[PDB]
Amino acid sequence: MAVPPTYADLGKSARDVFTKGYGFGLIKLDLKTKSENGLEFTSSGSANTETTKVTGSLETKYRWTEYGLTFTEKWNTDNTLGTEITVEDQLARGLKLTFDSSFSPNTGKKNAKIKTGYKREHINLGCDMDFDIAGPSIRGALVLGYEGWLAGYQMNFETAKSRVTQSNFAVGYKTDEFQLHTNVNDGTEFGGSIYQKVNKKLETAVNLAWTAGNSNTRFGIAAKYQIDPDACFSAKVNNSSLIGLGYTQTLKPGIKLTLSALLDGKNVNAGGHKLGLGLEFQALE
């Protein structure tokens, strides 16, 4: 059983480029300190320095053994409450148990979800059940792996009703320089993502999806261009003429500067620019 993170290859390309990147002109912060002693500490969030609009999250995390125990506690300023604790089973190799807590906006009480992952040498099985008091929802995930092609489908069955609430789908193939994954988010958005590497130049990813309702094609391309070990520029544009770039610059061992800006080609000069300035601090050594 040599089972790679195939489920993770379904959205690694897509999630990064698909995200809008709507910066309100504010500051993003991230600080992560790792120790291989069960300790992981993360501080993250965004603050608008124009008056005082600070919303973020604080993560108290526990990391014991790389492929063993990971405890995640996080609380958002939005009052939402997130928990995810993962334990890898040593008897059943490829068996992953994680206990999740869903982050309640108004309730303030975290809610219990049970997340299970079984890896078979060709395909990945995942059972995730969110327990609501009036009607729990059980979502089943299956990632398929067959010579050259990688596939996935995650379905949400709502026992609160008689019905599926979310339908997620993934298909594609992996090649030396090209990775393609067709991804579906509900019946409402279905499209494909292409990951292409330009040797020693830059790396580009394409995401475009069709959204049910009208004949809309959503097209977007992102490329991360690295010239320096301490400097890498990542730019993406969406077919809505929206150009957003993020510049990652390392200022000495421990400080990452991330400049991000979405320029609405619709009329940035008179319509406004989207801005995100982010500092990422890390303690490893």
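For what it's worth, the deposited numbering labels the leading residue of the sequence shown as 1, then goes sequentially. Using N, Cα and C, we set each Cβ at its ideal position, and we do this for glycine too.
Compare the beta carbon distance of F131 and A112 with 7 Å and say whether it is the shorter of the two.
yes
Within the same chain, show all residues whose beta-carbon is closer than 6 Å to that of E177, passing over the 5 residues directly before and after it, in chain order.
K197
Taking just the CA atoms, how far does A14 sit from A222?
10 Å
With the cut-off set at 7 Å, would you say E84 and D100 are in Cβ contact?
yes
Using alpha carbons as the reference points, say which of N183, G191, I227 lies closest to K201.
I227
Have a look at the DSSP bridge pairing and note the partners of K113.
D100, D130
When the Cβ atoms of the stretch 55 to 69 are set against those of the stretch 35 to 42, are three or more pairs found closer than 8 Å?
yes
Should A134 be labelled buried (16 or more other beta-carbon atoms within 10 Å of its own) or exposed?
exposed
To test your reading of the DSSP string, which unbroken beta strand (DSSP E) runs of 3 or more residues are found completely within the stretch 176 to 228?
178 to 185, 189 to 198, 202 to 211, 216 to 228
Identify whether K12 lies in helix, strand or coil by the three-state DSSP scheme.
helix
Please classify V206 as buried or exposed, where buried requires at least 16 other C-beta atoms within 10 Å of its C-beta.
buried
Work out the CA separation of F71 and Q249 for me, nearest whole Å.
30 Å
Nonlocal neighbours in the same chain, by C-beta distance under 6 Å from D30, ignoring five residues either side:
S44, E280
Measure the alpha-carbon distance for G213 versus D186 and round it to whole angstroms.
12 Å
Coil, strand or helix - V164 by DSSP
strand
Taking the straight line between their C-alpha atoms, what separation do you get for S234 and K274?
16 Å
Hey, out of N168, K96, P229, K110, whose CA is closest to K256's CA?
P229
Have a look at the DSSP bridge pairing and note the partners of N76.
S57
Quick one: using the 10 Å Cβ neighbour count with 16 as the cut-off for buried, is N199 buried or exposed?
exposed
Could you spell out the range, first to last residue, of the beta strand (DSSP E) harbouring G246?
242 to 250
By alpha-carbon positions, which one of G191, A231, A2 ends up nearest to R218?
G191
Span of the beta strand (DSSP E) holding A270?
Here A270 belongs to no beta strand (DSSP E); instead the alpha helix (DSSP H) covers 268 to 271.
According to the neighbour-count rule (16 or more other Cβ atoms, all chains shown, within 10 Å of its Cβ), is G272 buried or exposed?
exposed
Could you have a look at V143 and say whether DSSP puts it in helix, strand or coil?
strand
Using alpha carbons as the reference points, say which of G68, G276, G148, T204 lies closest to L91.
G68
For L180 and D264, the rounded distance between their alpha carbons
28 Å
Determine the closest residue to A141 out of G56, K119, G172, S215, with distance taken between C-alpha atoms.
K119
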